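What follows is a short report on a single structure.
Cβ: placed from backbone, ideal geometry, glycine included. Neighbour counts: every protein chain shown. Taken together, the values in this text are just the output of simple stated rules run on the coordinates, not laboratory data.
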Amino acid sequence: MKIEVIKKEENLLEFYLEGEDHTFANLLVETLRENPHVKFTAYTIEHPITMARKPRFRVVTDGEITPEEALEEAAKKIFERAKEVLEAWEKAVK
Amino acid sequence: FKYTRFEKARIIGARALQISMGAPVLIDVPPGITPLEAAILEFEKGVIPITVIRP
Amino acid sequence: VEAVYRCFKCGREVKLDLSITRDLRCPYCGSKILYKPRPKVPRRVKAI
Amino acid sequence: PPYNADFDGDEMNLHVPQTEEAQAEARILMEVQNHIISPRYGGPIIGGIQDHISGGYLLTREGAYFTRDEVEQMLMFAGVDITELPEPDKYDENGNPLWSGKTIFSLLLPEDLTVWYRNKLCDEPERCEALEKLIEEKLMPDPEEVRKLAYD
Amino acid sequence: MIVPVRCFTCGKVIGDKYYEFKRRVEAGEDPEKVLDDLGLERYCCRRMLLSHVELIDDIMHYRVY
Amino acid sequence: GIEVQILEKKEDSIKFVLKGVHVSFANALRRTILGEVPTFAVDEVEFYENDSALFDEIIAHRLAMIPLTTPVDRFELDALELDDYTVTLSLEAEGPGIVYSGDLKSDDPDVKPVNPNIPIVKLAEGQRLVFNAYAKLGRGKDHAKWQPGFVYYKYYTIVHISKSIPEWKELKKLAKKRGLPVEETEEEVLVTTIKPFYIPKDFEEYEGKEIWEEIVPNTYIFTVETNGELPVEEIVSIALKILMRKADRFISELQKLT
Amino acid sequence: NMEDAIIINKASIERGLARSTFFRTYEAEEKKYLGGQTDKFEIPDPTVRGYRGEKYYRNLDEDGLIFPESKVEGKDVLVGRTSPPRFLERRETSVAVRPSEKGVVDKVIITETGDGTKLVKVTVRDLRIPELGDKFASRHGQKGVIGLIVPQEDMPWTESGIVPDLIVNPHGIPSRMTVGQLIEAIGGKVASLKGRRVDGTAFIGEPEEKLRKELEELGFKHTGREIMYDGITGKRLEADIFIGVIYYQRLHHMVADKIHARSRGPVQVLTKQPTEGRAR
RNA sequence: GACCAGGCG
DNA sequence: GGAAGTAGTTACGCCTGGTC
Ligand SMILES: [Mg+2]
Ligand SMILES: [Zn+2]
Ligand SMILES: [Zn+2]
């Protein structure tokens with residue numbers, strides 16, 4: 001899932017998440033929002049037809065953690081949450 | 001001296017037409033720029049060799 | 001040239017050549033209309 | 001509105017200028033950035049039509065508040081460049097910060113603009129007259145005083 | 001023409017249920033009860049069985065050869 | 001923590017409660033179930049002869065819409081890159097009658113139509129329909145033919161009906177009729193909304209303050225249904241593994257960037 | 001869906017919603033000119049005047065007619081035909097599909113005219129899956145074109161598990177004053193839930209009050225509004241969304257039959273100006 | 001090529 | 001001044017087919 005950085009200012013990272021759609025982008029931004037060190041995070045699909053699979057992100061942190069750290073921690077939390085839900089589901093179904 | 005809309009359009013069109021026939025660009029332009037965009041960049045910078053005459 | 005042809009009213013096959021035969025008719029029911037049949041060759045179709 | 005097109009089967013012709021003079025003429029004199037103001041009446045002809053107006057009302061009306069995620073998403077969707085959200089106006093019963101629609105709308109206005117007027121939503125002229133009386137005294141009313149007498 | 005294999009809205013397979021629904025309804029049973037028994041709870045699925053026309057029978061008669 | 005509680009486990013569907021999870025993860029799970037989990041579906045058909053009334057395109061689409069059993073152990077269904085295994089389903093049918101999905105053969109014992117009673121075409125006297133249909137893995141985000149089933153969720157809400165309300169017993173009886181779990185106290189009656197509880201017209205005057213809904217935070221009632229391609233538990237497990245693998249791929253790409 | 005545009009579901013289209021096939025029948029006659037100078041159904045040799053590319057005769061049979069069920073694209077010939085020379089070798093007058101039309105050869109028939117010359121009709125069928133620009137209408141006069149095709153996972157859904165097959169902007173309702181469309185949506189939902197079709201006759205049909213009461217008794221809100229969730233973000237919408245079943249019909253004004261573009265081509269002999277028409 | 005008819009905005 | 005005659009116009013495209 002290719003990352004196409006557009007901006008790398010101080011405490012700001014804007015990039016294209018090539019290959020994804022709303023499904024992963026929304027989860028990533030909502031799990032990034034709960035990080036206290038992130039001041040502004042959002043995403044948008046510039047065009048439903050032309051850029052359907054190229055979401056664009058903006059991650060702005062206060063400065064104590066770089067946006068790359070924020071995205072890494074958010075993805076780790078997503079993976080942990082999915083694993084926990086998988087364990088609960090497999091316990092319940094069996 | 002303030003150009004009108006029509007004077008600006010004529011100047012930019014003539015400059016783009018000249019550029020398209022080998023007239024050297026008077027500034028530096030990004031690669032891939034179309035001649036019309038080069039003429040518009042020239043006008044926005046302010047280096048305009050063409051002068052309009054008025055009655 | 002002998003070509004395989006199918007009649008209109010009846011579905012059973014009729015053989016003739018258009019270039020030579022001035023009159024086209026099924027010689028069994030007298031039908032003037034014929035179908036050019038589907039060649040027995042594979043056809044690849046995308047299911048979408 | 002300029003084309004009077006309504007997407008019910010409408011068709012439009014597209015002409016490609018071929019000479020550089022024609023291309024310059026089109027791009028300088030006929031672009032859609034210009035012609036926002038109609039030569040007929042000297043007023044805006046290119047503007048919001050139905051959904052822009054209704055969404056603006058749902059945004060800026062009294063009591064309309066938005067959550068942090070909604071505010072960030074709408075700002076990114078609109079294309080507004082921003083690196084920090086303004087201070088929230090209210091706080092939810094759960095402590096969640098909430099932004100007013102007026103603040104979000106103000107985020108995309110020029111920092112020097114200042115104007116007042118009565119729109120079509122004026123049903124009690126007394127409140128409008130009170131606001132005008134407050135404004136006329138000094139022309140720079142205290143923002144909290146206006147917020148006390150704010151009217152839709 | 002012929003009964004759709006899947007519900008246009010949610011993709012539930014309703015191809016097999018049409019003939020059972022038709023024969024049960026012709027038998028005089030309540031259509032709501034029949035549709036509930038067949039398992040079609042969402043009204044999108046019930047629309048597919050309730051509004052379908054078997055037009056294949058009326059066009060099978062003309063051959064292209 | 002995160003709790004999963006199953007309300008109604010049927011053969012072709014399951015209804016469970018998901019607790020302690022944000023709305024974003026619930027929506028992501030629903031979207032991954034709808035468009036990520038891969039199944040087998042006919043993608044290409046080779047027609048040798050088709051004398052039927054339907055055209056080749058129509059029959060090919062109807063074949064693609066026919067659900068196909070998807071083996072689970074043999075193939076990695078949670079992989080981001082799908083396998084290219086192709087199953088050849090053939091049909092040699094002719095004469096008067098109606099062609100069902102159970103008449104299709106298969107080169108693979110595992111991959112075959114789940115329901116053998118789905119009509120394909122009605123054949124008259126003398127008509128022949130011969131084809132070889134090829135199936136391959138895919139995702140519902142590409143075409144609807146690869147959708148494993150249907151999925152949706154809703155908020156887990158408890159409706160409070162004040163017992164000071166006249167003829168509240170009618171509301172209690174309506175809640176019992178809909179099958180919703182209902183509890184009553186000295187001051188009010190609580191109707192857990194497993195299924196949409198809509199207040200009738202007569203009681204709409206109290207919808208503001210006397211009767212009101214309470215959304216339980218981070219709780220959702222899910223409803224997953226299969227088309228026979230996969231077990232519903234397998235569908236949910238594969239979707240969760242898909243989300244895990246997507247997160248892992250994002251982590252790897254992010255580390256590659258730095 | 002602004003300005004009378006219509007938003008539609010991709011999954012519904014892929015499952016057969018509003019799918020259609022377009023038929024065109026090309027005709028070629030073996031004309032008998034004066035003096036016994038006839039034309040011939042044949043695959044012309046490249047020595048004939050006006051010969052097209054040898055690729056355009058790919059599907060032709062030695063008889064001179066294209067085999068059925070053979071995929072034919074634009075400018076491919078169906079009836080190879082040569083006419084006696086009239087230039088001032090045999091000229092070519094073969095019949096090919098129209099330049100903007102493709103499809104599959106559904107049927108090739110051969111027959112005899114009234115005067116006795118050979119006549120052939122070739123029918124080409126093109127599959128038209130709905131796309132952006134195709135015109136849709138309801139029985140209440142609400143015309144519109146597909147403004148967007150949205151995946152199912154992006155469509156909103158109802159608490160009952162109902163996903164729309166189509167979304168219409170509310171701004172087209174009040175200016176047009178089509179209360180009948182709303183009543184028809186209510187009636188369609190009630191008919192689907194009951195398993196009995198609703199009588200919508202002009203003046204003796206089922207009253208709207210009866211339909212609303214029946215919808216109330218079936219377990220749904222009497223207004224027809226339902227609690228809906230946003231597909232993109234996952235939270236329920238603030239307002240209760242009006243949803244129902246409306247009978248929409250696809251019109252033959254497809255965007256594939258109307259798109260036209262001419263860089264440079266034939267001109268009229270008299271005025272040297274470009275010709276007139278999409279067909280030429 | 002011009003005549004007719006039917007539609008579309 | 002009649003009181004008739006006469007002439008001159010009556011939106012813009014676009015598409016389809018059918019016959020000469
Ligand atoms: Mg219009
Ligand atoms: Zn015969
Ligand atoms: Zn359904």
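With Cα atoms as the point set, chain G shows a radius of gyration and Dmax of 27.2, 85 Å. Per-residue shielding of G:125-134, expressed as the average number of other chain Cβ atoms within 10 Å of the residue Cβ, stands at 2.
Largest GNM mean-square fluctuation across A:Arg33, A:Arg53, A:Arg81, computed for chain A with C-alpha springs under 10 Å, falls on A:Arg81. Each principal axis of chain B carries a Cα extent, and these read 39, 20, 15 Å when sorted largest first. Taking the C-alpha atoms only, the angle from helix F:232-257 to the longest principal axis of chain F is near 90 degrees. Taken along its principal axes, the alpha carbon cloud of the protein assembly as shown reaches lengths of 104, 96, 66 Å, longest axis first. Computed from the Cβ-Cβ distance with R0 of 35 Å, the FRET efficiency linking F:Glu167 to D:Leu58 stands at 0.45. Each residue in E:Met60, D:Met140, G:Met155 was given a count of other beta-carbon atoms within 10 angstrom of its own, and listing them fewest first yields D:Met140, E:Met60, G:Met155.
Can you bin the range G:167-256 into rounded, prolate or oblate? Criterion: square roots of the alpha carbon gyration tensor eigenvalues sorted a ≥ b ≥ c, rounded for a/c under 1.5, prolate for a/b above b/c, oblate for the rest.
Details: a/c = 1.72, a/b = 1.08, b/c = 1.59.
It comes out oblate by the Cα gyration axes.
Applying a DSSP loop filter and a limit of 10 other Cβ atoms within 10 Å to the GluC sites (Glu not before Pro) in the range A:36-94 leaves A:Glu64.
Taking neighbour Cβ counts within 10 Å as the exposure measure, how do F:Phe55, B:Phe1 sort from fewest upward? It would help to have the intermediate numbers written out before the result.
Values: F:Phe55 19, B:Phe1 6.
Going from sparsest to densest Cβ surroundings: B:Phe1, F:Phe55.
Annotation: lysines with alpha-carbon distance below 18 angstrom to B:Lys45 (same-chain offsets under eight excluded): B:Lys2, B:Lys8. Size descriptors for the range E:22-65 (Cα atoms only): Rg and Dmax, in that order, 14.4, 44 Å.
Remark: the range F:86-93, residue by residue, has Karplus-estimated 3J(HN,Hα) of 10, 9, 9, 9, 10, 9, 10, 10 Hz, where x stands for each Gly or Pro and the curve is 6.51 cos²θ - 1.76 cosθ + 1.60 at θ = phi - 60°.
The amide H of G:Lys135, built 1.01 Å from its N in the peptide plane, has G:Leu251, G:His253, G:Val255 as neighbours under 5 Å, considering only residues 5 or more places off or on other chains.
Comparing mean-square fluctuations of F:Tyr220, F:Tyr156, F:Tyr206 from a GNM of chain F with C-alpha springs under 10 Å, the top value falls on F:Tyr206. For a test of understanding, tell me how many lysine pairs in chain D have Cα atoms under 22 Å apart, given they are 8 or more places apart or on different chains. Taking the Cα cut-off of 22 Å, the pair count is 8.
Dipole orientation for the protein assembly as shown: of the candidates G:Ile8, F:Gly102, A:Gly63, F:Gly102 has the Cα lying most toward the positive pole (charges on Cβ; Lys, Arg +1; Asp, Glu -1). Across peptide A:37-45, the mean count of Cβ atoms from other chains lying within 10 Å of each residue's own Cβ comes to 5. Take every Cα pair under 8 Å whose residues are at least 6 apart in sequence, average their separation, divide by the length of chain D, and the relative contact order is 16 percent.
Rank the residues B:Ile11, G:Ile66, G:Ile204, G:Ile232 as a footprinting-exposure proxy: fewest other Cβ atoms within 10 Å of their Cβ go first. Walk me through the numbers before you get to the answer.
Working: B:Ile11 21, G:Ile66 28, G:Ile204 7, G:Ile232 18.
Fewest-to-most Cβ neighbours within 10 Å comes out as G:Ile204, G:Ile232, B:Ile11, G:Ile66.
Can you compute the charge dipole magnitude of the protein assembly as shown about its Cα centre, using +1 on each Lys and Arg Cβ and -1 on each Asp and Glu Cβ, nothing else charged? Give it in debye, rounded to the nearest 20. Walk me through the intermediate numbers first.
Working: 137 positive and 162 negative charges, 922 e Å.
Dipole magnitude for the protein assembly as shown comes out near 4440 debye.
Out of E:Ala27, E:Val5, E:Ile56, whose Cα points farthest toward the positive end of the dipole of chain E (charges: +1 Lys, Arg; -1 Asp, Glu; placed on Cβ)? Toward the positive end, the furthest listed residue is E:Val5.
Which FRET efficiency value, to the nearest 0.05, is calculated for F:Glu183 and E:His61 with the Förster distance at 56 angstrom and r the Cβ-Cβ distance?
Details: r = 63 Å, r/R0 = 1.12.
Calculated transfer efficiency: 0.35.
Candidate cross-link partners of A:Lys7 among the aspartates and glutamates, defined by an alpha-carbon separation under 15 Å and a same-chain spacing of 8 or more, comprise A:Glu68, D:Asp81.
Just to verify a number: FRET efficiency for D:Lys133 and D:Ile36, C-beta to C-beta distance, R0 = 30 Å, to 0.05? Could the numbers behind the result be given before it?
Working: r = 34 Å, r/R0 = 1.14.
Working from the Cβ atoms, E equals 0.30.
The Cα trace of chain F gives Rg and Dmax of 24.4, 76 Å, the first to one decimal, the second as a whole number.
Please give the net charge around G:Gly147, taking every other residue with its beta carbon less than 10 angstrom from that of G:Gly147, where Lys and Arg add +1 and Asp and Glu add -1. Mind showing how you got there, number by number?
Values: positive: none; negative: G:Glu3, G:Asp4.
Value of the local net charge: -2.
Computed from phi, the 3J(HN,Hα) profile of the range C:17-34 under the Karplus parametrisation 6.51, -1.76, 1.60 (θ = phi - 60°) reads 10, 5, 5, 8, 5, 5, 10, 9, 7, 5, x, 10, 10, x, 8, 7, 10, 10 Hz, with x in place of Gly and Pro. Applied to the range G:74-88, the Karplus parametrisation 6.51 cos²θ - 1.76 cosθ + 1.60 on θ = phi - 60° returns per-residue 3J(HN,Hα) values of x, 6, 7, 7, 10, 10, x, 9, 10, 10, x, x, 9, 5, 9 Hz, with x for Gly and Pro.
Taking a ≥ b ≥ c as the square roots of the Cα gyration tensor eigenvalues, chain A comes out oblate, since a/c reaches at least 1.5 and a/b does not exceed b/c.
Averaging the inverse of every distinct alpha carbon separation and then flipping it gives the Kirkwood radius. What is it for the range D:1-86, in angstrom units? For the range D:1-86, inverting the mean 1/r across all distinct Cα pairs yields 17.2 Å. Simple spin-label estimate for G:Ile129 and F:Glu205 gives 5.5 nm between the two label positions (7 Å along the Cα-to-Cβ direction from each Cα).
If a spin label sat at a point 7 angstrom from the Cα of G:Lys102 along the line to its beta carbon, the backbone N atoms of the range G:122-161 nearer than 20 Å would be those of G:123-134.
Considering only alpha-carbon pairs that sit under 8 angstrom and 6 or more positions apart, the relative contact order computed for chain B is 40 percent.
From the helices alone, meaning DSSP H stretches of at least four residues, give me the mean residue ellipticity at 222 nm for the protein assembly as shown, per-run term -39500 (n - 2.57), in deg cm²/dmol to the nearest 500. Show your work: numbers first, answer last.
Details: 21 runs with 244 residues, N = 952.
That comes out to -8000 deg cm²/dmol.
Which residue, F:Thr39, G:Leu215, F:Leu54, has the largest displacement toward the positive end of the dipole of the protein assembly as shown when charges sit on each Cβ (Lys, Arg +1; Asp, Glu -1)? Going by the Cα projections, it comes out as F:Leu54. Hey, what did chain F get for relative contact order, percent, Cα under 8 Å, at least 6 apart? Worked out over chain F, it gives 27 percent. Summing +1 for each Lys or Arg and -1 for each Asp or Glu among the other residues whose beta-carbon sits under 15 angstrom from that of D:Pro1 gives -4. Would you mind estimating how fast chain D diffuses translationally, via Stokes-Einstein at 25 °C and 0.890 mPa s with the Kirkwood radius over Cα pairs, in µm²/s? Rounded to a whole number, D works out at 124 µm²/s.
Panel note: the C-alpha atoms of the range G:31-102, placed on their principal axes, show extents of 38, 22, 20 Å (largest first). The GNM of chain D, with springs linking C-alpha atoms under 10 angstrom apart, assigns the highest mean-square fluctuation among D:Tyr117, D:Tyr57, D:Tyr65 to D:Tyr117. Within the range F:104-215, all pairs of alpha-carbon atoms sorted by distance into 10 Å bins from zero give the percentages 10, 28, 14, 11, 16, 14, 7, 0.
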